[PDB]
Structure formats: C-alpha cells, structure tokens
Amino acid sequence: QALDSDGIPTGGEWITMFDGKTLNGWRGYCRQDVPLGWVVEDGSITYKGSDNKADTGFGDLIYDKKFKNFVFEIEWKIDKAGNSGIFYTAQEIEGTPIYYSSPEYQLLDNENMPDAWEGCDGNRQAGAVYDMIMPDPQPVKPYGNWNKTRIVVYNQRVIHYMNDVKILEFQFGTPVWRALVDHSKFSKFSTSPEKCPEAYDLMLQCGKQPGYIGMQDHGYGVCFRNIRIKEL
C-alpha cells in the first residue's frame, strides 16, 4: 500500500457526492426530504433560509450514506461575515442535534465574525474542531475566495487540511480526545453559556462506528462545490 506523508493510503477511487445541479444524494438530518432553505445556486450548494419560519425538524443537510474510513474533499466560499460547519461522524438521533455526535470542522470569516474570537485561543476559527482544537497553521483565504478542505479519518486518526496544508490532527477513542471533550461546551463539566452537557457521552464515542457527513443549518453566506470522497 502506497502511503502519503501522513501515513494515509493513496489508492482508491473518488466518488462524486454533488452533481453540480441538484441535491440528489442529500437529505435533511433525521428526515427523508431536503429542508427548506437549501438550494443549488450557480453550481454550488448553499443555505439561504426561508420566509417560512414554521417549526419543522432540524435543518442540517447530510449526504445519504454512512462512512468510517475516508478522504473527504469539499470546496467552499464564504461571503463577508458568513459562517457554516462540516460534520463528518454524525449519528442520526431523533431529537438530538447533529453537532452532539460529530466534531465540527468550523467555517467562518475569521476577520468579520465575533464567534471567531469567542473561542479559547482560536478553537472557533475556520478549520478548527469547533470549541476543541484551533488550527495551526491558519491557511484560510479572505472571504469571497474558494477554499479547499480535506478531512481524513483513518483507523480513528483524524486530519484536517485547508488549502492543501495540514492544520490539525487528533485521534478518537483516546484519553487525549476525552481531555479535549472535557474542556469543551460538550462536557458534562462545562460552564459555557452555550454548554451542551447532554452531548458528552455521544462526543466521547465519535468515530467508533460509521457516521454521516453534512453541513450546518443557518450557515449563512457559504457555498459548497467539488464535493467528493474516497473510502479507505
């Protein structure tokens, strides 16, 4: 097996997750239909939101296939002060948010969004594991430019890349993972005003089974294209 410098197999076939035209392959989190607000505009997936403000289910969008070991790639562009997020180990649990069961690869305009600086030491910047690990380096482009994201999960090792540069790496199922969860908003020990202590046991078990890839609801100003995956 040929391996790249991060020890990740270089073989496999890419499968396209987005046809450039429709949301075929995609559906809402915990539902069979596409939630109101998601559209295809100029060859990109984007959440615009709806004038219909009725209390429907969760609105996050997932690709309709579970993955475990993979190399996932997606390109994204953010409008000024935009925000979104990519989930990649999510479990469908009725009544429970998508972000309780997956790390979030954060998407943010670092220059213009106040949540950028509301983390601890950059852990809510673009490319972070939201509220857990800050990226270093920070290769995000200015708003209005297309960024390339790659996320690798391989035998519980997780690597985030941004614009072809590795920005963080960690491993599920380890005491380090537990320590990171323990200090986050997902902790049973958290005193954050955005605390979600009921996520704790789910977050501890991330990556121990297959999960979904998807994107955040209310992710204003973010467009996605060139979405593909190689199973490992």
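Numbering starts at 1 and follows the sequence shown.
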Taking only the CA atoms, which stretch has the higher mean B-factor in the record, 116 to 124 or 98 to 106?
116 to 124
Taking only the CA atoms, which stretch has the higher mean B-factor in the record, 147 to 155 or 107 to 115?
107 to 115
Based on the entry's values, in what third of the chain does the Cα temperature factor of residue 224 lie: lowest, middle or highest?
lowest
Where the record places residue 177 (Cα B-factor, split into thirds across the chain)
lowest
Residue 42 CA temperature factor, ranked by third within the chain
highest
Mind checking which third residue 166 falls in for C-alpha B-factor across the chain?
lowest
For residue 28, return the chain-relative third of its C-alpha B-factor as stated in the PDB record: lowest, middle or highest.
middle
